[PDB]
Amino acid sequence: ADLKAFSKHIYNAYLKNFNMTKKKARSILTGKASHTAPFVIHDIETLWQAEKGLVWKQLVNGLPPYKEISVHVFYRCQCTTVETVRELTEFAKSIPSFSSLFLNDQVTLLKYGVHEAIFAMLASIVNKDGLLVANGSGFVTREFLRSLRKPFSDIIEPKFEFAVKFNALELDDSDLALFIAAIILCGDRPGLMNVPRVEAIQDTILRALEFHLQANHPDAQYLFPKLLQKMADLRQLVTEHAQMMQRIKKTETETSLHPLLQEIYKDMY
């Protein structure tokens, strides 16, 4: 009922939009669902294998042209992000009263929120040693990712470090549903036209989040305040990311940038 039912509705919408969940992820990582472990991408050879059947099963990968391993992997990174971006924008449709905002504000919230939510959800498919890809059929090593040349390794690490530490909060999927909603309904995004409307919606989300957290984690006293502090850390993450992506565009001109991502980075901060 009410906050309880609100929390549940957002959760259901989450389940409907993201097919890889933390639950699934952990089930694979610990070896529970598995029998056969994920194929591991940890170098150039294995990355090649993974794309020809074991992880990605397409004859022609559909990626832009690349002349080196670092750029190739970065194209994979962009593909994942775009995937999650699409799911986020569809998930936002189930956020009560979101779709009724000015179109320009819907755009603004998502332009400035998807990366924060993606970075929060990243912890879900991560451990300290690497991360799941392609609905858990693949597993890419942290090590492999750190071996890419700058600026590509540099762009990846901070997110990796935030993801691993974020896991210390022990959130589950029904917690994450509300958290990502609260992320998207942020009132301080540059260029919002009707801040009070956006903030009233976020308020309803924040109320249910505090509600759900205490219901779902009775023993974790300061979970709510801790989660809210993560919002600031996510902001700093994306703020740095925008500078990194601007530098990619200026000093890695041979690196193709997905047009949806370009649209996001455009005039971003």
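The term rigid core refers to the maximal set of C-alpha atoms that superpose within 1.5 Å between the two forms. In case it trips you up, residue 1 is the first one in the sequence shown, and so on.
Peer 1: Taking the root mean square of C-alpha distances over all structures and residues in 7 other deposited structures of this protein, with a rigid core superposition, name the larger of 112-120 and 99-107.
Peer 2: Of 112-120 and 99-107, the stretch deviating more in 7 other deposited structures of this protein is 99-107.
Peer 1: Taking C-alpha RMS after core alignment, which stretch differs more from the shown form in 7 other deposited structures of this protein: 150-158, or 174-182?
Peer 2: Greater root mean square C-alpha distance in 7 other deposited structures of this protein: 150-158.
Peer 1: Report, as yes or no, whether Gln221 is left without coordinates in at least one third of the other compared entries.
Peer 2: No, none of the compared structures omit it.
Peer 1: Thinking of the other compared PDB entries, is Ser27 one of those residues unmodelled in at least a third of them?
Peer 2: Other entries vs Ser27: none skip it.
Peer 1: Output the stretch having the higher mean C-alpha B factor in the entry; the candidates are 109-117 and 139-147.
Peer 2: Looking at the recorded C-alpha B-factors, 139-147 comes out higher on average.
Peer 1: Comparing average C-alpha B factors as deposited, tell me which of 26-34 and 61-69 sits higher.
Peer 2: Here the higher of the two C-alpha B-factor means belongs to 26-34.
Peer 1: Among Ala50, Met244, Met231, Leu206, single out the one with the highest C-alpha B factor in the record, please.
Peer 2: Checking the PDB record, the top C-alpha B-factor among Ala50, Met244, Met231, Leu206 is at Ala50.
Peer 1: Between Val238, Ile201, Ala215, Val40, which one tops the list for C-alpha B-factor in the PDB entry?
Peer 2: Of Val238, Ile201, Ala215, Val40, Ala215 has the highest C-alpha B-factor.
Peer 1: Please place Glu90 in the lowest, middle or highest third of its chain according to the CA B-factor in the PDB entry.
Peer 2: It falls in the middle third of the chain.
Peer 1: Would you mind checking where the Cα B-factor of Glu170 ranks among the modelled residues of its chain, as the lowest, middle or highest third?
Peer 2: Highest third of the chain for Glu170's C-alpha B-factor.
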